[PDB]
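Chain by chain, the residues:
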Amino acid sequence: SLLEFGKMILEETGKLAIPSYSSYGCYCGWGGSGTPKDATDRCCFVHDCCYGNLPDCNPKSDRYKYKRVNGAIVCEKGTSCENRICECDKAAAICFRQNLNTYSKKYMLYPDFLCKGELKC
Amino acid sequence: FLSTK
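Residues numbered from 1 in each chain as written, not as in the entry; some residues may be left out. Chains lettered and ligands numbered in written order. Heavy atoms only, no water.

- Looking at the method and resolution fields of the entry, one finds X-ray crystallography and 1.25 Å.

Structural data, given as structure tokens:
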């Protein structure tokens with residue numbers, strides 16, 4: 001679920017999902033168009049594609065369980081949708097952590113008109 | 001309490 005993803009993001013990065021990734025660049029927190037602005041935005045592009053691989057799942061609301069082995073995220077077995085949603089969220093959280101070094105506040109609340117064109121998953 | 005598309 002979105003709320004679980006937000007907690008995972010905070011655990012991973014130290015940043016609150018809202019507002020740190022809820023409106024960042026062209027793909028975080030909302031969009032579906034344009035060239036991603038930077039690595040962090042690319043995390044969101046890929047995460048959007050990942051959810052797009054799951055038509056019949058409901059990532060906003062469906063809850064999954066996971067644990068941390070040491071620092072590693074281990075998705076625990078639920079329904080097939082839950083497992084796949086968890087893997088998408090895990091990847092995004094890791095991706096945000098891997099990019100923190102180039103995260104830029106200038107991309108928070110990035111305006112939609114600066115995001116144009118289709119980028120295929 | 002919502003936040004991410």
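**Describing the interface of chain B and chain A**
Stage number 1. Across the contact, 5 residues belong to chain B and 9 residues belong to chain A.
Stage number 2. Taken together, the two surfaces of chain B and chain A that pack against each other cover about 820 Å², and 63% of this comes from carbon and sulfur.
Stage number 3. It is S3(B), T4(B) and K5(B) in chain B that bury the most area against chain A; as a group they hold 75% of the surface buried on that side.
Stage number 4. At the junction of chain B and chain A, the tally comes to 0 salt bridges.
Stage number 5. Remark: the boundary between chain B and chain A carries 2 residue pairs in polar contact.
Stage number 6. Here the side of chain B that touches chain A is composed, by residue class, of 2 nonpolar, 2 polar and 1 charged. (Contact = heavy atoms within 4.5 Å. Buried area = accessible area lost by both parts, 1.4 Å probe. Salt bridge = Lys/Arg side-chain N within 4 Å of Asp/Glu carboxyl O. Polar contact = N/O pair within 3.5 Å; in protein donor to acceptor, adjacent residues only side chain to side chain. Nonpolar A, V, L, I, M, F, W, Y, C, P; charged D, E, K, R; others polar.)

**Comments concerning the UniProt feature "active site" in chain A**
Residue and element names in this part refer to chain A.
Stage number 1. As annotated by UniProt and renumbered to match this structure, "active site" occupies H47 and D89. A maximum C-alpha distance of 7.2 Å places the annotated residues, which cover 43 residues in sequence, within one compact spot.
Stage number 2. For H47, the position within the fold is in helix 3 (residues 39-52).
Stage number 3. Setting aside residues up to four positions removed in sequence, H47 forms contacts with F5, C88, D89 and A92.
Stage number 4. Secondary-structure assignment places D89 in helix 4 (residues 80-99). (UniProt positions renumbered as here; feature names shortened; annotations may be inferred. Helix = DSSP H or I, 4+ residues; strand = E, 2+ residues; numbered from the N terminus.)

**Describing the environment of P36(A)**
Residue and element names in this part refer to chain A.
Stage number 1. Residue position: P36 is located in the loop between helix 2 (17-20) and helix 3.
Stage number 2. Each C-alpha atom of the pair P36 and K60 lies 22 Å from the other, and the pair is 24 residues apart in sequence.
Stage number 3. The residues touching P36, leaving out its near neighbours within four places in the chain, are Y27, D41, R42, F45 and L119.

**Things to note about the pattern of salt bridges**
Residue and element names in this part refer to chain A.
Stage number 1. The final tally for this structure, using the stated rule, is 2 salt bridges over all chains.
Stage number 2. The partner of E11 in a salt bridge is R68, with the nearest N and O atoms 2.7 Å apart. Highlighted residues: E11 in helix 1 (residues 2-13) and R68 in strand 1 (residues 66-69), separated in sequence by 57 residues.
Stage number 3. For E11, a relative accessible area of 39% translates into the label partly exposed.
Stage number 4. Of the charged contacts in the structure, one is a salt bridge between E12 and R68, with a shortest N-O distance of 3.1 Å. Within this pair, whereas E12 is found in helix 1, its partner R68 is found in strand 1, the two being separated by 56 residues in sequence.
Stage number 5. Taking the relative accessible area as the measure of exposure, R68 reaches 30% and is therefore partly exposed. (Buried < 20%, exposed > 50% of the residue type's maximum accessible area, 1.4 Å probe, protein only.)

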